[PDB]
Each structure stands twice: as structure tokens, then as C-alpha cells.
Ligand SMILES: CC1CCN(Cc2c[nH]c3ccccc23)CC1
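Take a look at this one chain, the form deposited without this ligand, written out in C-alpha cells.
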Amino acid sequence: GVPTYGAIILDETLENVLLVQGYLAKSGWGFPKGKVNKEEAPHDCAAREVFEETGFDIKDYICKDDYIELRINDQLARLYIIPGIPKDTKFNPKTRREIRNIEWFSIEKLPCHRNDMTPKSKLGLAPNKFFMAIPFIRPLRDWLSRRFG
């Protein structure tokens, strides 16, 4: 799979993260990210995707070593961690054709797994609108503990 790059943007209290909601197959909430272009450096792709999806330019805030990277079904997703962005920042995607909405969420309220269906004796997981964000939540909480505490 082509690698994806983007950001986990936090506010000043470190309580809240910025998620984006797409359409169709991307109908739930997730961190802003997207696929790297040929010859494009990871930091430039993260900034490009984030600015296209949120209207906020992270370029001057990216730290090279501050990211969480996951490989999910043999596709690598790397989100640069961007703390301290004010909650009253006005975010606006470049294309309403791809982004429905942009919101801050409480980190402590976000799920870090989907729920099973063990009350129904059925296999699998119940739908969850935070599906794409979920894999990053525990690693983010662990990263924030180590970095700040």
C-alpha cells in the first residue's frame, strides 16, 4: 500500500484532538491524513494533507521525531504529533466534497477499541464512528504520558 501521512493535532490543554469526518467509505471520524505523492517527503505530505483537510498549516510546528506510526494491513500510516494548537482556531477544508465536518474530541472519551457483540453471541465488532482513529488512541495516550506526564 502507498504510505499515508498526516497529524494528530492537540489543543493547549492536551485534552482534545482534532478529528475530521469524510464521506462514503470514509464516513466516520479519523485523523487528517492521506497518500504520499511520488518523490514527496513524509513531512511535506503530512502538511499538505492536513492543510487540504483542515485549512491549518502544520509546517512550522512539525517535529521530525514526534509521530506515531502504525502498519495496518500492510499499509504504513504516520501521524505527526502537533500539540498546543488553540481550540478557537478556525479550520476549513479546501474541499467540502471530501470533508463533512471537523471537530475537537476529548481524548479521554474516545474509544481505544471497538466493542464486541458478546451480548448477542455473535463474532466480530459493533460499528463505531471512530473506527479509523481508534488504532492510534492507546499509542497516543502512551506517547503523551512519556513526553509530558
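Residue positions are given as counts along the sequence shown, with the first one as 1.
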Checklist entry - On average, are the C-alpha B-factors higher in 139-147 or in 2-10? => result 139-147
Checklist entry - Comparing 121-129 with 13-21, where is the mean C-alpha B-factor higher? => result 121-129
Checklist entry - Which listed residue, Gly34, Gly30, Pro42, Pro83, has the largest C-alpha temperature factor in the record? => result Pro42
Checklist entry - Highest CA temperature factor in the entry: which of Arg48, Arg100, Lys109, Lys94? => result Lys94
Checklist outcome for this item: On the chain's distribution of Cα B-factors, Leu76 falls within the third called highest
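The form solved in complex with this ligand is left out here; the points below concern that form.
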Checklist entry - Of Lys122, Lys64, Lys109, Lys90, which one comes within 4.5 Å of this ligand in the deposited complex, counting heavy atoms only? => result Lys90
Next on the checklist: Would you classify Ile81 as touching this ligand in the deposited complex, given a 4.5 Å non-hydrogen atom cut-off?
Outcome noted: no
Checklist entry - Using heavy atoms and a 4.5 Å limit, would one call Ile99 a contact residue for this ligand in the deposited complex? => result yes
Checklist entry - Taking the shortest heavy atom distance, is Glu103 within 4.5 Å of this ligand in the deposited complex? => result yes
